[PDB]
Every structure is written in structure tokens, then in C-alpha cells.
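Asker: From the sequence below, what's the structure:
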Amino acid sequence: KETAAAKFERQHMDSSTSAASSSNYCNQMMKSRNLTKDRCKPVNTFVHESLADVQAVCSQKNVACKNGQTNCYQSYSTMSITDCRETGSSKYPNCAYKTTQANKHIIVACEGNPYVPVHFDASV
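Answerer: Numbering: from 1, shown residues only. Right below this line is the structure:
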């Protein structure tokens, strides 16, 4: 709620645009969220849905995390997602991404307090 909810918002949140059609998006985003910082992660998904829409999920379909379980909630319908896929090659500041845009549903974990998503599990 002070580093977790943040961490999630840092990596997975982007409620400034409905979608993302371009490798521009991915490349700038990973850079902007400093996700390339130190070592850029292979793959990363960004939700293009309102932060509230995403918290809402915390009280929707109760599912099984890809680990422990429940405390995992699945988005009723379909979310505007963008997948960031690493490309180029070379374990170093060389990080390029390709932008794949999907329409999938999300599986999140929530630490309520009021409710706040903290861990983005599977993206379908």
C-alpha cells in the first residue's frame, strides 16, 4: 500500500491512453518507468485501463494465483492490454522492445485496505 500498490502501478499501469499501436510505446514506456533500469526485463504487460477499473477487479471473479491462490481476482471481461516484448540481443543497455497489442483479461492479487492491486499475475 506504500510500495506494493506503487510497484504495480509502476510496471503495469498506463491510464493515459486507450491503447498502444507501435514499438514506440514499448520502447519509451520501459524507459520512462525506468524498467530498463539496471537490467531490462524480457517481457512486461501494461494495462490501458483506468486505475479504478483495475482495482475494481480486486472484487470480481475470485481465482487461483499462479502460486499460492486466491487473493487472485480475474477481470470479468476484457481489458486493453499492451505487451512489451524484448528484442535486439546483448546483455547490456541494448534493450529494444516490440509492441504487441492484445485484448485479454487480467489476473491480479490484491492487498485491500481499501483494495489495491499489488501483483500482476497472469495476463490470461
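Asker: Going by C-alpha atoms from here, please, whenever you check contacts or count neighbours.
Answerer: Will do.
Asker: which residues in this protein form helices?
Answerer: With helices called from DSSP state H, the chain shows them at 4-12, 23-32, 51-56.
Asker: Give me the angle between the second one and helix 4-12.
Answerer: Relative orientation of helix 23-32 versus helix 4-12 (axes from the mean of the first three to the mean of the last three Cα atoms, to 10 degrees): 150 degrees.
Asker: what does helix 23-32 contact?
Answerer: Identification of contacts with helix 23-32 by Cα atoms under 8 Å, 6 or more residues apart in numbering yields 36-37, 40, 83-84, 96-99.
Asker: closest to residue 53 among these?
Answerer: Residue 53 has its nearest neighbour among these in residue 83, at 18.6 Å by Cα to Cα.
Asker: For burial, what's the neighbour tally of the closest one?
Answerer: By the criterion of other Cα atoms under 10 Å, residue 83 has 20 neighbours.
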